[PDB]
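**Student:** Below you will find the structure I want to go over with you.
Here Cβ is always computed from backbone atoms with ideal geometry, including for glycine, and neighbour counts include all displayed protein chains. What follows is calculated from the coordinates using simple rules that are stated; it is not laboratory data.
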Amino acid sequence: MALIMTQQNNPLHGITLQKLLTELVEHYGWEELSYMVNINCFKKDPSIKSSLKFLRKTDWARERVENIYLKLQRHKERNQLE
């Protein structure tokens, strides 16, 4: 969708883990994720659905993934005032 959402509304004001990790694979990739999170998962059978389930069981890894998305946010276009 080239049509960008030019609205003052925030359609990303509450992103879930599933969507979050997917965007990390889209904007970074499995390599960066596997390097920042010291585990053999993103470098083992690169699968979104599998990685999600792994983050559910290995909770601390999930918390790392969220922090990785925050790394993206502090480099991404910061929404200005109202």
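**Student:** With the contact rule set at Cα under 8 Å and sequence spacing of 6 or more, what percent relative contact order holds for the chain?
**Tutor:** 32
**Student:** Please compute the net charge surrounding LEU55, taking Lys and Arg as +1 and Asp and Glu as -1 over other residues with Cβ under 12 Å from its Cβ.
**Tutor:** Computed value for this residue: +3.
**Student:** How much length would be gained if the chain were fully extended between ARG56 and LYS19, taking 0.36 nm per residue of separation minus their Cα-Cα distance, in nm to one decimal?
**Tutor:** 11.9 nm
**Student:** According to the Cα gyration tensor, what semi-axes, each the square root of 5 times an eigenvalue, does the equivalent ellipsoid of the chain have, listed from largest to smallest in whole Å?
**Tutor:** Ellipsoid semi-axes (Å, largest first): 26, 13, 12.
**Student:** Follow-up. Once you list every other residue whose beta carbon is under 15 Å from the beta carbon of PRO11, what net charge do they have if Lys and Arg are +1 and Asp and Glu are -1?
**Tutor:** Local charge sum for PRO11: 0.
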